[PDB]
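Undergrad: Mind looking over this structure? Questions follow.
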């Protein structure tokens, strides 16, 4: 038999988190084994070049739990196959839900995306990374994510993306120069419409064909690890793609869909009640962490799962227990994995452990911060006076979850304007505004995420059909933003005062200068201190006194206005002797000159 | 009330493993608390400048469990103090057993040592290291220990050692350059006799004054961590110093020594041995272990002369249970510490968990390997034929425990001769042999330990009263050996095939070329494999064939006979293509040229 009798029982249980070991296509040297979940199927057959595409050649046999199994001699790696499932009167051809690679027969994905029998043999050379990897313990380490869409990042030539293999070395080299710790990849799972960016997924178990083979993707991940970079994958349990050959009405009935019409994006939601659906999804989560050494999983649009109308009420329990058991299972099997959730409701305890009634994610996107911060900085400096509370109040909500600061691709697309485009004033000020924003984002509590091109201050919105405007890296302002982001990341990676985003890690210095739009705050761990002085107005401020707890010489660690970043060059000497009398209720104070639209980061000596 | 009633009960159970929180001298803001264990004392008094050394000025009060405690206003850090204990008719002055710092009023440690009140506030900068310390998992990682006597390493001026601080940057630069992962420091705990090397200990809780303050040592340990170096401390629970004011007959009776007269005399340690029966002794020792890992962030503790604890000549269950609970508490409170033992008997399960009836150490010195290897290469190449079995049979014992292949200070002393001195022939061949020894030791399964000065092959036995013969780094033969060790450690740090010391990590290629004294073996993890071919004769061998598992281009990753190491320059030169001919029972074979007295390490080409 293909299936152990314990297996079937686990599938009925909903506990088969190894299910990729048995479902899908698994080759031998003499043939391939096939296993399908089709509970309301009266018959199932595998069709392929290996058997005349004849529906009667290899009729899989019905086992328990709606599972079908069969062996086909001569079905070999690199063939395409297809399931012909019969629901009573009607018959239909379907793709493998567990397909490990899918490849278009036509050459165009939106036309056809067929399953290919594949062997997943790959040898890793990332032992050192995987032995030192730290998931949940990363709360006390700097986490700086570079978010990437692979096809859009760089083009080998106009309109043709870099392969997985070919992308590895350019991506690793650039990420290391930036100082980013992780790369977040928009969904890699097989999808027909390239314009979906991967969020409409048909092949959950198949890395997209456009950038190479499955093992090509592992080589990329393997390479990135040896270079010391983490890989977080975007994962879409929220919904499945609307493709007829895909998961939609697999048996001729609702299967991955809700059986009930009333509930169910529409219709193309996963029925989290079904034990098989929870199996399929949770196994896929571990599958990526298991076979591809993925460091983290990021779940988007959690609110669409948590509620039903985004006495039973709005909340969907099915989804919350699945989300909870999803996170529990990940951390049980991979204690150093990372789970990130984006939830646009104020659902509490997203970042909380399940045993405290939380969803069990390690991180939550602080999109409130993103909105508030962005709403603040588009406003003209004359007006930032009138909205001072938008900036300062971001910290009242900054500790409700373990948060990642969320500057994201969604923010720079659909008319929202490039981050650069968003900033006000002439070109010098926009580069200044962008340097200030990044400075404040790194100072603000929480982990940092920046999408491709934000590190240049790219002019145009993200277009998936092209590569980012790397040509702007030649004009001075834009290499300066890049130099600024790198220097911020180097400061971030080294100073432990920035690693602790708990309320302990922050102290207010001053937030009352609404008229001058100035903010002074402290970031602390143990003895170590970092002082942040921020000018959101062009008007340079002279003899601006800023209270500090410790006296003595202070150093100017970073100056947003240094010419190396494209600034006016207005700066403190870098040697600053503290005045022994009070300011802002503090024993000493630093008297500085605040450069235009700039951030000063200052540290005491030894 | 200095002592909680919970404090008294835990001390009575011998379960007070934080006992340093309360015993000894603890400075207050206006005075000092003193707490001493003297169960059979009728009176105990604190003497110091802070009371003009008057014995009736501050008489400690008896609490339960024989613990004495009292407060002295005006006793401040940097004050020297003394306990006056009255045993009936007789009175005696004693040092603090829990003294956290000691200094000699005379300025000679032997003539006198004094307990000085110290405050241990120190602000650490080793965040990244200790959040990433792998400890037990280090068994799967490369561990290369550089064993060091701090006073002997380098002298800042003739006959003057470096301070804890002064040594930090010179040593860390050296250890980083040579690629060792950890440094093991010969006992730094306060000791009267410098010539003891620290193994006769008076002040278990005080780092020796010779190199500076406690915080001075903290800077070094902090410093090395920032540089990525682990620190293992040598720890002596077997015996205390035979010093009259020290722990000998502390309260006027046998206290830290065994009460029984027959038990009191032990052949290696004479009258002074720790009475592991006493719960108070168990506290003092296990608290001390945790104290070093707690306040000094040390990564490991290495226990010497474990056989002297286990036997009395036979089994000492007191010592065996103390040993077991020592290891259990260590890993319970500091899961990423490392504990190492040297045992001169074949006692089983030194490296095994207590729950499997082991002693609970993580690592054991492979002294069998050391004696065997040294015995073999001490002998002349003409004779090595007749002792081939001594070389090859070393691996029958290499997987019995988790082993650290150790060449130590004890080997290079007392007329045993330098490692260099140990090797046969003239200087060229001696240097060749030493490159071979290090070559095989890095190839042989197990972690690696090399004592200071061995890395260049210094001539004279290690003399503690002087600094190493660094001037030999000017002569080529020794500068070559140091380069060879560096390259060996780099290979070790980068190749995971050397990290797994299980039997799975080793495969024999051929061992029966006894006549020509050549051995070939494989160090393999997963797909990765490293081929070691060793010629223990000064005649090079040509057209020597070596079987291989995989056929294809192979590269030569290391050649001991490379001119950079002081060698002939003989070698395959790379581009070695396995010949699809069977040899040594293997499918393919390599036709190699074996240089004189040399080690080859070869990798297939990817």
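Read-outs: derived from the displayed coordinates by stated rules, not from any lab. For neighbour counting, all protein chains shown are included, and Cβ atoms are generated from backbone atoms with ideal geometry for every residue, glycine included.
Undergrad: Once you have the alpha carbon radius of gyration of region B:413-550, what is it after dividing by 2.2 N^0.38 Å, with N set to its residue count? Please list the in-between numbers first.
TA: On the way: Rg = 16.6 Å, N = 138, 2.2 N^0.38 = 14.3 Å.
Compactness ratio reported: 1.16.
Undergrad: Now for a different question. What is the mean number of Cβ atoms from other protein chains located within 10 Å of the Cβ atom of each residue in peptide B:123-136, rounded to a whole number? Could the numbers behind the result be given before it?
TA: Values: counts 4, 4, 6, 1, 10, 7, 0, 0, 7, 5, 0, 2, 0, 0.
The mean count of partner-chain Cβ atoms within 10 Å per residue comes to 3.
Undergrad: For B:30, B:342, which order do you get if you count the other beta carbons within 10 Å of each Cβ and list the fewest first?
TA: Working: B:30 11, B:342 22.
With the sparsest Cβ surroundings first, the list reads B:30, B:342.
Undergrad: To the nearest Å, what is the center-to-center distance of region B:211-232 and region A:311-331, using C-alpha atoms only?
TA: If you average the Cα positions of each part, the centres end up 48 Å apart.
Undergrad: Pairs of alpha-carbon atoms within less than 8 angstrom and 6+ residues apart define the contacts here; what relative contact order does region A:478-606 have, in percent? Don't skip to the end; give the middle numbers.
TA: Working: 293 pairs, mean separation 34.5, N = 129.
So the answer I get is 27 percent.
Undergrad: To the nearest whole number, what is the average tally of beta carbon atoms from other chains within 10 Å of the beta carbons of peptide B:449-457? Please list the in-between numbers first.
TA: On the way: counts 0, 0, 0, 0, 0, 0, 0, 0, 0.
Per-residue shielding by partner chains comes out at 0.
Undergrad: Still on this model: Which order do B:108, A:568 fall in if you start with the one that has the fewest other Cβ atoms within 10 Å?
TA: Values: B:108 10, A:568 17.
Result, fewest neighbours first: B:108, A:568.
Undergrad: Below 8 Å between Cα atoms, with a sequence gap of 6+, how large is the relative contact order for region B:518-561 in percent? All intermediate terms of the calculation are to be shown ahead of the outcome.
TA: On the way: 25 pairs, mean separation 12.1, N = 44.
Averaging sequence separation for qualifying contacts and normalising by length gives 28 percent for region B:518-561.
Undergrad: From zero up to wherever the largest Cα-Cα distance of chain B sits, split into 20 Å bins and tell me the percent of pairs in each.
TA: Per 20 Å bin, starting at 0, the Cα pair percentages come out as 19, 48, 25, 7, 0.
Undergrad: Label residue A:397 and residue A:383 with points 7 Å out from Cα along Cα→Cβ: what is the distance between them in nm?
TA: 2.0
Undergrad: Using Cα pairs under 8 angstrom and six or more residues apart, how large is the relative contact order of region A:563-606, in percent? Could the numbers behind the result be given before it?
TA: Numbers: 34 pairs, mean separation 14.6, N = 44.
In percent, rounded to a whole number, it is 33.
Undergrad: Let me make sure I get this right: for the protein assembly as shown, a, b and c are the square roots of the gyration tensor eigenvalues over alpha carbons, sorted descending. Under 1.5 in a/c it's rounded, otherwise prolate if a/b > b/c, else oblate. Which is it?
TA: Details: a/c = 1.79, a/b = 1.29, b/c = 1.39.
The shape class here is oblate.
Undergrad: At a 10 Å Cβ-Cβ cut-off, how would you order B:284, A:209, B:536, fewest neighbours first? Please list the in-between numbers first.
TA: Working: B:284 26, A:209 18, B:536 23.
Lowest count first: A:209, B:536, B:284.
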